[PDB]
J.: 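The structure's right below; bear with me while I get my questions together.
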Amino acid sequence: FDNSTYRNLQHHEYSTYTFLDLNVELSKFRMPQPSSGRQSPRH
Amino acid sequence: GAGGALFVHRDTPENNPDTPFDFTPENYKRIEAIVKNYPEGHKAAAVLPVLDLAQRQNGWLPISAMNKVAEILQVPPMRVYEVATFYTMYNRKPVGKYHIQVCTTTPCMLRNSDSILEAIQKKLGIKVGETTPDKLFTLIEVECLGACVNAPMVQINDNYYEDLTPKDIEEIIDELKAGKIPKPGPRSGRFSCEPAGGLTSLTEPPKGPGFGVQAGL
Amino acid sequence: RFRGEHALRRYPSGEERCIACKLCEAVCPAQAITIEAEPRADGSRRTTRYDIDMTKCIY
Amino acid sequence: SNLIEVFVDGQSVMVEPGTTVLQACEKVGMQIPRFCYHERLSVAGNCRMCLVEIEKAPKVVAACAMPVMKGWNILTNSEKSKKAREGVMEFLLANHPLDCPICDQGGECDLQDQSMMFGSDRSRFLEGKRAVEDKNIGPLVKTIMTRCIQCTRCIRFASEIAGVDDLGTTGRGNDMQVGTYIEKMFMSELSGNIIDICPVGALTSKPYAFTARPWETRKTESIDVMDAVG
Amino acid sequence: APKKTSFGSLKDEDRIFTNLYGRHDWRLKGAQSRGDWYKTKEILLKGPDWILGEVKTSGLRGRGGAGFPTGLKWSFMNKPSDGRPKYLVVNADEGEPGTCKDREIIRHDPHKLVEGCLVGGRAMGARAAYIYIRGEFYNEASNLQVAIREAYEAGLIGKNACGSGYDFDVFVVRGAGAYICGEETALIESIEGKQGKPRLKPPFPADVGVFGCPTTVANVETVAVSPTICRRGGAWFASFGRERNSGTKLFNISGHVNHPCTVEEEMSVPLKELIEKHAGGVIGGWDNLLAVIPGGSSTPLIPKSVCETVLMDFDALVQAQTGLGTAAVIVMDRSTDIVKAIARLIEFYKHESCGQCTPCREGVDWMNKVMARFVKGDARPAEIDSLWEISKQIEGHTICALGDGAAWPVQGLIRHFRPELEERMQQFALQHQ
Ligand SMILES: NC(=O)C1=CN([C@@H]2O[C@H](COP(=O)(O)OP(=O)(O)OC[C@H]3O[C@@H](n4cnc5c(N)ncnc54)[C@H](O)[C@@H]3O)[C@@H](O)[C@H]2O)C=CC1
Ligand SMILES: Cc1cc2nc3c(=O)[nH]c(=O)nc-3n(C[C@H](O)[C@H](O)[C@H](O)COP(=O)(O)O)c2cc1C
Ligand code: SF4
Ligand code: SF4
Ligand code: SF4
Ligand code: SF4
Ligand code: FES
Ligand code: FES
Ligand SMILES: [Mg+2]
């Protein structure tokens, strides 16, 4: 057990598209979205 | 004081509706993933991220980029203009390769933020609004960035550099010029939001699962 | 403070001071002032008619 | 039936559910001051000129948006309401240009009239005033945006009545400006109506500019013959 | 024995955020070894009523700054479905100067936030959770997304979310540099692709919220403490702090202190004890202290005479005419220009106003100009009462509480440091004539 080490070093490797890449990967587990019945409020 | 940036658009040879802009196919896949997050019939909710994605591909936001986002999301272009002019992280003008944003709000100003500002100004030879002729740096002052404890702090292209001293910001600028990237975080042997010495709390080993669970659970 | 014959004045540049607001016409107790206005060739707000009937005016 | 009883200055009135404080005050013949509320547009609630005091309530409510509650007592002439109106009028006049003699809205200004009826008679503002650049939205609507009080009536009318989304607000804070953000012409068969709903000289008639004052005009009520609507 | 009197010394066994300093593994494995995601299925199966009752008896109040009772506010969404989906929105904007708690929670304890999202959504009957995180917190947002990814893979969220039978999704949406978007209605508008402008209330988000659907907005700190409260019980959380001020709190002590930091502490700890133990005291000694803003820039400041004996809870600070706010302590010693600090805060508010309503849009800029003149001394003593009246005209007359938070610091400065203002004016007049 060590409490003198900072382990949060992963973000030192995060690129420009890391957040969006994670969003793309997570798009697979999502539940189907609900619908309001229109394509848009202007439809 | 005053913002300085204008909130009308005048066409220029470098920024007009015919300025070439289009998403890359990977960016289109990311756009599909972003759009699928929101309920059907409310695709306009994707204006905020997708616009940012455009800025993440081009560097700034030309008028043609806003038009492309509006056409993709089937939103009136004036709505995208409203969003782009409202939020301060959207770049409606080209910036340098490294956007240096130093906090000058009261918690950061109390810990000598002006010293960091003048050190950056004297190292780069630019003022608080200008871009270096090499187009590598652009220095501006921003409000609180949420790292007040680690004041003075700066932000460079999604990286926080905190606990800054004039020599420290000079060496960070030198490292960024030489083609390297600097390690983000505190720059005073802290690497956390912890007290600068002693660790007054959170020293015992963390308790295991189910330590304090109540009866009947 | 003496009140005599009326006059329309200019700015030191030689431009007229009157902007055709029609406040003097609205306040005139004898309805002695008649004003017509239009945008000038340079877009300035100026009168095209400014009459004072001096036999109506109570000075 | 479904009507609920409310009180305006202690006077009882029966109103439908969902009726706002402003409409309940209108039932007894009282007109609450307004700048952003138009009964044919969507409720905005930004001008804050309609703030009134509800009895036994420490906070004034926006009468144009707040529905009445059963048993409420609207106090339209209390000290709190008058002071709220005076403060809002002061804030609206802080940055307004001293343009009344050259403004076409001169004798027809809701800002002027509500300043005389509900505001103070003096200024304690000792700073410089903001000034914004003008927009060109065509040959019919003259645009002087320094007179704008940011009531967003034109935006709501264009979006909802005219069916066009060309008008909006760019920037934020004291620097928020109403316009198109690009050189665009706001042409529609109903465009000129934005001159009528704009309470100030920020939007005026270009063909009508400087020609007349409202007190000298004679009004004749007639019918239009340019089409078959009448 | 009940009704304690000397609060402010709690051990590590009673700290919810055990990885506040990021000295341990922030990923799923570390959180699981730290007690996270434990008996979540049982808590979900207990039902929304049991979770709402635990939160109600816990005495938890909103950690975003307003201190509204969390149990009643979450129970506001206990209505039967009307055909619209229900959503829980987590406020991770963290725009208040001096406040850095939510950043640490997101970056070092993200699975705590995810589990809190699941538990709160189950209590509210919500269908999914939208976490509106600050745009400048890119790395924190990416860490949160990694945590959500490994929670989806482990089956801790998503379809059935557990061996539970409840479907729940967690989405992360990033803002773009707007402090006003911290406001719940402004946040909701910013999620829907509009300008971050607050809505009028009523309607409340529980009736008409995001996408026009019933919504509950809770800050990251409030949501995170939910699963720990459920597991340990409401009575355990109520055992800390004074009555109506239950539980623990994260404090960001910054400014003129020897060791600025953030720390978990008991609610009713005295300010002097907190500053001198955790932050290392004021540079130059406690007698060097000039002023302290206890709850971020939106709270009025208090002088040394009041700070030496004030408790750090809601009612205690309200009695001191300042308020707890976000529990973000900003300390200034006798070596600072207090008028300049207040002027900088007012300039911040001038730059953060959305401009929707007249009182904020005009009067905050007016106050900024008047305060900038006060800093030099250009003005006259008769303008201090004028500025007080201007602030009173702004306060309570806006759509949103940004006007209140811009007015209160000016009122505090006028109330406690008027002689400094008048002396500055006198010096300016003497040296200018
Ligand atoms: N954490 C941060 O970064 C910041 C925090 N703040 C704090 O925000 C505070 C003011 O925020 P407000 O939301 O305007 O206070 P508020 O009292 O009006 O509302 C607080 C919460 O309780 C809910 N609520 C209140 N009354 C309700 C009712 N009758 N029915 C249903 N729900 C109700 C509201 O929906 C809201 O979510 C300030 O005291 C400030 O300290 C301000 C800036 C930044
Ligand atoms: C101008 C303004 C900015 C705010 N910013 C935040 C914020 O960044 N984070 C937050 O949790 N609350 C913020 N709040 C307070 C929100 O109203 C609060 O989060 C919401 O009411 C629910 O918070 P709760 O869970 O503590 O009750 C802000 C309020 C105002 C008026
Ligand atoms: S119209 Fe009459 S009052 Fe107005 S500027 Fe001309 S002379 Fe003066
Ligand atoms: S808009 Fe009204 S107050 Fe402003 S200059 Fe025109 S008439 Fe005067
Ligand atoms: S131009 Fe007129 S109608 Fe449009 S927002 Fe300004 S004051 Fe309102
Ligand atoms: S008080 Fe300020 S920030 Fe809040 S809605 Fe009004 S103008 Fe916008
Ligand atoms: S004041 Fe600089 S990060 Fe908040
Ligand atoms: S008329 Fe109600 S706020 Fe404008
Ligand atoms: Mg008009």
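In what follows, every heavy atom counts, from backbone to side chain, and hydrogens, waters and symmetry copies are set aside. First the proteins, then the strands, lettered A, B, ... as listed; each starts at 1. Atoms within a ligand are numbered from 1 in the order they appear, just like the ligands themselves.
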J.: Which ligand 7 atoms are under 4.0 Å away from a heavy-atom of B:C108?
T.: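 Within the 4.0 Å cut-off of B:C108, ligand 7 contributes 1 (S), 2 (Fe), 3 (S).
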J.: Relative to the heavy atoms of B:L145, which atoms of ligand 7 are at a distance of less than 4.0 Å?
T.: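 The atoms of ligand 7 under 4.0 Å from a heavy atom of B:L145 are 3 (S), 4 (Fe).
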J.: Keeping E:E94 on the side-chain end and E:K101 on the backbone end, is there a donor-acceptor pair under 3.5 Å?
T.: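 Yes; judged by distance alone, with no hydrogens or angles, the pair exists.
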J.: Scan side-chain atoms only and decide if D:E160 and D:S42 contain a donor-acceptor pair under the 3.5 Å cut-off.
T.: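 Yes.
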J.: Would you check ligand 2 and list the protein residues that come within less than 4.0 Å of it by any heavy atom, ordered by chain and number?
T.: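 The answer is E:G62, E:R63, E:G64, E:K73, E:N91, E:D93, E:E94, E:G95, E:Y179, E:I180, E:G182, E:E183, E:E184, E:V217, E:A218, E:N219, E:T222, E:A401, E:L402, counting any residue whose heavy atom sits under 4.0 Å from ligand 2.
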J.: For the pair D:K129 (side chain) and D:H96 (backbone), establish whether a donor and an acceptor sit closer than 3.5 Å, ignoring hydrogens and angles.
T.: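 Such a contact is found between D:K129 side chain and D:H96 backbone.
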J.: Identify the protein heavy atom lying closest to atom 5 (S) of ligand 5, giving its residue, its atom name and the separation to 0.1 Å.
T.: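 Protein heavy atom with the smallest distance to atom 5 (S) of ligand 5: D:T152 N, 3.0 Å.
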J.: For ligand 7, which atoms have a heavy atom of B:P107 less than 4.0 angstrom away?
T.: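 Listed by number with element: 1 (S).
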J.: Where the side chain of D:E108 meets the backbone of D:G106, is there a donor-acceptor pair that is under 3.5 Å apart?
T.: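 Absent.
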J.: Would you please say whether a donor-acceptor pair under 3.5 Å links the side chains of E:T215 and E:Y130?
T.: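 No donor-acceptor contact under 3.5 Å links the two side chains.
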J.: Here's a test for you: under side-chain hydrogen bond (donor to acceptor under 3.5 Å, both in side chains), which of E:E184, E:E189, E:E183 qualifies with E:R199?
T.: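 For E:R199, the side-chain hydrogen bond (donor to acceptor under 3.5 Å, both in side chains) check succeeds only for E:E189.
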J.: State, to 0.1 Å, how close E:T299 and E:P294 come at their nearest heavy-atom pair, and which atoms those are.
T.: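 Scanning both residues completely, I find the closest heavy atoms to be OG1-CD, 3.9 Å.
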J.: Out of B:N150, B:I116, B:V102, which one pairs with B:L164 under the side-chain contact (heavy atoms from CB on, under 4.5 Å) rule?
T.: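 Exactly one pass, corresponding to B:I116.
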J.: Taking 2.8 Å as the upper limit, name the protein N, O or S atoms near atom 2 (Fe) of ligand 5.
T.: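 Hits for atom 2 (Fe) of ligand 5 below 2.8 Å: D:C198 SG.
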J.: Just wondering, do E:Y132 and E:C181 contact through their side chains at under 4.5 Å, heavy atoms?
T.: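 Yes, at least one pair of side-chain atoms sits under 4.5 Å.
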J.: Tell me whether ligand 7 is touched by B:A147 - counting only heavy atoms on the residue side and a distance under 4.0 Å.
T.: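 It does; at least one heavy atom falls under 4.0 Å.
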J.: Can you list the atoms of ligand 7 that are under 4.0 Å from a heavy atom of B:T105?
T.: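 Contacts of ligand 7 toward B:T105, numbered from 1: 1 (S).
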J.: Looking at atom 4 (Fe) of ligand 7, is there an N, O or S atom belonging to B:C148 that lies under 2.8 Å away from it?
T.: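 A backbone or side-chain N, O or S atom of B:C148 is under 2.8 Å from atom 4 (Fe) of ligand 7.
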J.: If we ignore angles and hydrogens, is there a donor and acceptor under 3.5 Å between the side chains of E:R344 and B:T104?
T.: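 Per modelled atom types, E:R344 and B:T104 side chains form a pair under 3.5 Å.
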J.: Is the backbone of B:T165 close enough, under 3.5 Å, to the side chain of B:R187 for a donor and an acceptor to pair up by distance?
T.: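 Judged by distance alone, no pair lies under 3.5 Å.
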J.: Let me see the working for E:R103 and E:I106 under side chain to side chain contact (heavy atoms under 4.5 Å, CB included), right down to the final yes or no.
T.: CA-CA 5 Å; E:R103 166 170 192 242; E:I106 290 165; over 6 Å; no
J.: When the ring planes of D:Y181 and B:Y81 are compared, do they come out parallel, tilted or perpendicular, using 30° and 60° as the limits?
T.: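 The arrangement is tilted - the two ring planes meet at 30° to 60°.
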J.: Look at B:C103 and state whether any of its N, O or S atoms is less than 2.8 Å from atom 4 (Fe) of ligand 7.
T.: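 Looking at B:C103, which is the residue asked about, there is no N, O or S atom under 2.8 Å from atom 4 (Fe) of ligand 7.
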